[PDB]
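Using ideal geometry, Cβ is built from the backbone for each residue, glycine included, and neighbour counts are taken over all protein chains shown. A short reminder: the numbers here are calculations on the coordinates, not readings from a lab.
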Amino acid sequence: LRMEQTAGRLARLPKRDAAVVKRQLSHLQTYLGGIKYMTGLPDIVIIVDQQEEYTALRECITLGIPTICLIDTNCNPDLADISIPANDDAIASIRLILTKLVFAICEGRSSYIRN
Amino acid sequence: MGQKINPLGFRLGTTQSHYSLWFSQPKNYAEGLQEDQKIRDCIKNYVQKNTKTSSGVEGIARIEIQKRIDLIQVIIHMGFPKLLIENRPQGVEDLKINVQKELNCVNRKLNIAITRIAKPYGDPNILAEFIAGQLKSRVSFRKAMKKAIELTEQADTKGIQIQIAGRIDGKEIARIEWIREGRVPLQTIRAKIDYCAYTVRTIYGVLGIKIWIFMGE
RNA sequence: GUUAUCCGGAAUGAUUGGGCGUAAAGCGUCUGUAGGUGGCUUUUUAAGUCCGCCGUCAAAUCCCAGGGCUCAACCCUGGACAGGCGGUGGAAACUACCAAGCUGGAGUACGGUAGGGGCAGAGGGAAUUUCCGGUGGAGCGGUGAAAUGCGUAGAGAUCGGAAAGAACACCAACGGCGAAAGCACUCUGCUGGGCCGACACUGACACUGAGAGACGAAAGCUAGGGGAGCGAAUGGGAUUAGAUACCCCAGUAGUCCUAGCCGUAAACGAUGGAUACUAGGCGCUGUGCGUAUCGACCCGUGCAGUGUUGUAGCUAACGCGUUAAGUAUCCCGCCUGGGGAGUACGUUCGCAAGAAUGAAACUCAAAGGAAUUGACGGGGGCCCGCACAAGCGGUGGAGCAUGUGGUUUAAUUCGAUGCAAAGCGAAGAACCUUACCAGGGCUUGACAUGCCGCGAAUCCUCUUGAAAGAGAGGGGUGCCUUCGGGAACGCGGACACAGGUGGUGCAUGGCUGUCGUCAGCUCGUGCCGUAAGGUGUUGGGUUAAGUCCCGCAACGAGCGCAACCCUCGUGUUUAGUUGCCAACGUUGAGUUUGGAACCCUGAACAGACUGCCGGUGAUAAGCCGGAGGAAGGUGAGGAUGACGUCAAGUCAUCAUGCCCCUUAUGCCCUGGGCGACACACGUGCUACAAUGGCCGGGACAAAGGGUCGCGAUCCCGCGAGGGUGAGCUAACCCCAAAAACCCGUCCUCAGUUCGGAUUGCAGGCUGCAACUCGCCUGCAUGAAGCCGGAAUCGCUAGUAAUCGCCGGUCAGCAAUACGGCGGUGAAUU
């Protein structure tokens, strides 16, 4: 829908299809603006509050994917393999644990720059 | 029973043309239908004796009759032209005189040409004589219906649907069987779906097959 | 092989092996004897128990190893086993006995707290009923409506006073107390249980518990009292098809008190009591503590008590969840299919009604529990169609047409009959059609193929007869062959068959109605639950619509919806006859030359897509208005109507299974029948007028038809129509001159210058032929009927209503059936 939006097919398509194709794009750029960049199936799944998104962790344990999470106080650590006991609401608590986890992935690759 | 509209009757105005396209004055119009139906009953069955021989084995696809004055086109579309034409030039010779003895009055010089189809699993008329031919030899029904679905999908089609009526495998109560794969838009006119209807013999009753083959959009 | 019989399968009596919240199952609740079980320490006994040994456990079976009949069965050696009992010599942890203790069990005392715990005796307030008196008026009481009843010898209502009985508002609370049942206005007297707290003391003195003893909601019973209200019974009124019910007016036992008796209840948390353990989040009562408690309060620590998206676990599921049906221990009660039964018999108890204990025969193969899908509901929440409502016209009344039952008849042929039967299949039945009846006839025979004979085949045939048919008459005999013979056709003969609108569409194909055009019906992947399944197709809004937006383990897709196709409404481009014709010459009639501009005509193209503006609305969808436009919010209206419901309709369309008939329910012909009737019902038409009728003049349509046809002009007849006959095979000819409407006149509401039914007499036309059975014309006659009960139908625009025309069917049954066209033109939401 991105390649036909900037082509010579815009003048040929009728007004009945031109109103539906831009409505389909409006729903596909708002929600699917995050999930795009990569394609493969992950081996490890990192998540913030897994009690709010229990639908995300319960679907990973049935396939055999190792679970890691940033568990708070309102959560249970039995279905999780390696847990990180810390706050999930305050913006400062979410920023430290997640950027230092990214620094661990960037250290086992190349270039150690700033935050 | 409570089925959808005939896709050969709904698509009569556009795309799919008539099996007979001609013109006549309302004085000799009634004799025009009688001469075109008598030969369509003699080419589809095509047997002088009381046997189950020719025409039904090769599979007839379409019979197009075009006439102006004293000459009919009668072009038959066959799957296998080995049975109708020759085994040594005698087969088409007895067919040339059979249509001549029935239609006379004026000098009716009838020319019959033959053309082939790309694949017999694309047209609805061979499927109505193939699957209904498996009911005559008493083979497993639901296995023959699922094989008629896949044999058309491998022949490059976008959708296919098959269904009969009652009296299956010798049962007292009448039931219905339905298997479908892909998409078959039954309502729209821009679908060019072709139809056919054939009857079975059977010593226990009588069956009736309906073919729905969806080509392009 | 069958039958009989025991065991197994039956962890369906389970000691190894089961259960009791709802499936069968805790006795209604306590106290408690026997019985079962019983904390901690040491010593001792050592009985149980355990070790070893000595007897006996007959032999033979069984089992292990090994032999003999040729194998085996069988026979046989030794061993094993005989799981037991007794005795002796030990071991001593546990259980038990004995002795001395300890303490967390349990109990008691001290000091406080809460409570409808119970019994007895008083006393308090409201109200109801009744008695008496005052005031005052004719109504009151009651119901979905009414009536019975109470009332002018005057109730009710109202005020004052009295008498009496019962229960006792509010506080009351998801509250509290009690073993259960059960118990609440206040007070006094006697009395029980529970809980907390510093402790002091005993010391396991414990737990459970068949029998047994005691307590028992209400109803009921005995004797003596009381009795306001309520109210079994009973008596009236009403409702209803009936109601010896519900409802209304009265009303006895009873309900209340004392004493005794009966002992039952979904006596239900339907989950017996006692003890120890096992994640958590909110609500009572005691007590300790919290800058001196500065405060409504804050932090603990116990008792009893709810709900919880309640977790683990348990459970068939629902659900329970430390007041669990969770994990365990102690003991008691109970079940082991449904009906019969919890009845019969017997015993016991009772004043009685009955209670308690508790069968069998026979009979079925099922009862039962939870949960799931769907449907249904005089269940609920929210939404859509003339569905109602708002409104117009109509039906049922009337005369006539037509269809169906019933009746009748020789037949009045068949099928369809709640809606999805009832001018319905037959869009056309005088013969035919027709299939039915009667009568006269033929049978491989009316129709198909094959064999044989005479033969071509035919035309005109004559006689008898209702005809079907039968007997004979001439006239006549083509085309090919080694003429032997054949095709086309005919009569006759033999045999397979031919033939069936005969039965069964609850044996079927094909096709249809119907809910429905309602809008839903499903799938892939992924999750949820043990699972059947569910989720997506739910929810919040929104549209004709799972249409769309948002929310949401749902994410996407398929059929359906929509759109694509056909006409209608605007314009534009192209092409102009049998079309049209502005400008220009006219026999005024486009009529002629001529012109293509316009109308029309026929193919294409453009255009509405809420798209744009604003408001509402959740800065969505969508809706409400507006702008621009011929046309907008699926433009109007068709076609198109899913998975499926009714084994709904059709084997009389056809086809087909089976069955049946086959000198026959097969076939031919003549006449009759289907349009017979005392009646009933449905669907229509014509009128009851004067917004109408009639006479005369007179303005505009669309859409279709037509060569065994449509048929003008002219002549003739009052007319239907007939004679002659042109043209059109057709936007060039004809079928029509369309009717309402409109101007003038007449009438002027009397069953009529409304209405035409019916009837007589005389004709026309189509066909052998029309009495039964026809259409139409002419003349005369001219009723019913004055808009019609209960009930009920369609339609929201160019629709209702109404006024004409055409077509299909067809020789003929032409505006009354069906289909199709246009004219005029609303009401209400």
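How many residues are exposed (fewer than 10 other Cβ atoms within 10 Å of the Cβ) and within 11 Å of RNA strand C (Cβ to nearest atom) if we restrict to the range A:36-56?
Within the range A:36-56, residues that are exposed (fewer than 10 other Cβ atoms within 10 Å of the Cβ) and within 11 Å of RNA strand C (Cβ to nearest atom) number 1.
What pairs come out if I take residues in the range B:154-173 that are in contact (Cβ under 8 Å) with a residue 24 or more places away in the chain and pair them with residues that are near RNA strand C (Cβ under 8 Å from one of its atoms) and of a type in the set (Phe, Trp, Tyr) whose C-beta lies under 6 Å away, six or more apart or interchain?
Pairs found: B:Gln163/B:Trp178; B:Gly170/B:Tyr204.
How many residues are farther than 14 Å from B:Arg68 by Cβ and within 12 Å of RNA strand C (Cβ to nearest atom) if we restrict to the range B:17-36?
4
Evaluate the range B:83-101: report whether one residue or more is of a type outside the set (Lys, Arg), in contact (Cβ under 8 Å) with a residue 60 or more places away in the chain and under 28 Å from B:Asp123 (Cβ atoms).
Filtering the range B:83-101 down to residues of a type outside the set (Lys, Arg) leaves B:83-87, B:89-95, B:97-100.
Those still in the list that are in contact (Cβ under 8 Å) with a residue 60 or more places away in the chain too: B:99.
Narrowing the set further to residues that are under 28 Å from B:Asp123 (Cβ atoms) leaves B:99.
Scanning the range B:83-101, I find at least one residue that is of a type outside the set (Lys, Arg), in contact (Cβ under 8 Å) with a residue 60 or more places away in the chain and under 28 Å from B:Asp123 (Cβ atoms), so the answer is yes.
Among the residues of the range B:149-165, what is the count of those that are outside any strand (DSSP E or B) and within 9 Å of RNA strand C (Cβ to nearest atom)? Before you say what the answer is, go through the steps one by one.
Kept after step one, since they are outside any strand (DSSP E or B), are these residues of the range B:149-165: B:149-158, B:164-165.
Now restrict to residues that are within 9 Å of RNA strand C (Cβ to nearest atom): B:164-165.
Matching residues across the range B:149-165 total 2.
Does A:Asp78 satisfy being exposed (fewer than 10 other Cβ atoms within 10 Å of the Cβ) and acidic (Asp, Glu)? Walk me through how you get there before you give the answer.
Details: exposed (fewer than 10 other Cβ atoms within 10 Å of the Cβ): yes; acidic (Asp, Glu): yes.
Against the criterion (exposed (fewer than 10 other Cβ atoms within 10 Å of the Cβ) and acidic (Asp, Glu)), A:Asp78 qualifies.
Going residue by residue through the range B:111-121, is there one that turns out to be touching a residue at least 60 places away in the same chain (Cβ under 8 Å), within 27 Å of B:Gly208 (Cα to Cα) and out of contact with any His (no Cβ under 7 Å at 6 or more places or on another chain)? If you could, list the steps in order and put the result at the bottom.
Going residue by residue through the range B:111-121, those that are touching a residue at least 60 places away in the same chain (Cβ under 8 Å) are B:120.
Filter again for within 27 Å of B:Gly208 (Cα to Cα), leaving B:120.
This time we only want the ones that are out of contact with any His (no Cβ under 7 Å at 6 or more places or on another chain), so: B:120.
Among the residues of the range B:111-121, at least one is touching a residue at least 60 places away in the same chain (Cβ under 8 Å), within 27 Å of B:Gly208 (Cα to Cα) and out of contact with any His (no Cβ under 7 Å at 6 or more places or on another chain), which makes the answer yes.
Go through the residues of the range B:167-182 one by one and say whether even a single one is of a type in the set (D, E, K, R), closer than 18 Å to B:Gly9 by Cα and not in a strand (DSSP E or B).
Here is the first cut: in the range B:167-182, the ones of a type in the set (D, E, K, R) are B:167, B:169, B:171-172, B:175, B:177, B:180-181.
After this cut, where a residue has to be closer than 18 Å to B:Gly9 by Cα as well, the list is none.
For the range B:167-182, residues of a type in the set (D, E, K, R), closer than 18 Å to B:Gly9 by Cα and not in a strand (DSSP E or B): absent.
For the range B:191-217: of the residues being outside any loop (DSSP other than H, G, I, E, B) and not aliphatic (A, V, I, L, M), which is farthest from RNA strand C (Cβ to nearest atom)? Can you show your working first?
In the first step, residues of the range B:191-217 are kept if they are outside any loop (DSSP other than H, G, I, E, B); the result is B:194, B:197-199, B:208-214.
Narrowing the set further to residues that are not aliphatic (A, V, I, L, M) leaves B:194, B:198-199, B:208, B:210, B:212, B:214.
Working: B:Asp194: 15, B:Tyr198: 9, B:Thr199: 5, B:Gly208: 2, B:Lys210: 6, B:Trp212: 10, B:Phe214: 8 Å.
Among them, the one singled out is B:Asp194.
For the range B:166-183, check the following and say yes or no: at least one residue is near RNA strand C (Cβ under 8 Å from one of its atoms) and in contact with a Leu (Cβ under 7 Å, 6 or more places away or on another chain).
Within the range B:166-183, one or more residues are near RNA strand C (Cβ under 8 Å from one of its atoms) and in contact with a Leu (Cβ under 7 Å, 6 or more places away or on another chain).
Does B:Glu31 meet the test of being surrounded by fewer than 16 Cβ atoms within 10 Å (Cβ to Cβ), over 28 Å from B:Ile164 (Cβ atoms) and touching a residue at least 60 places away in the same chain (Cβ under 8 Å)? Give the derivation first.
Numbers: surrounded by fewer than 16 Cβ atoms within 10 Å (Cβ to Cβ): yes; over 28 Å from B:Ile164 (Cβ atoms): yes; touching a residue at least 60 places away in the same chain (Cβ under 8 Å): no.
So B:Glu31 fails the test.
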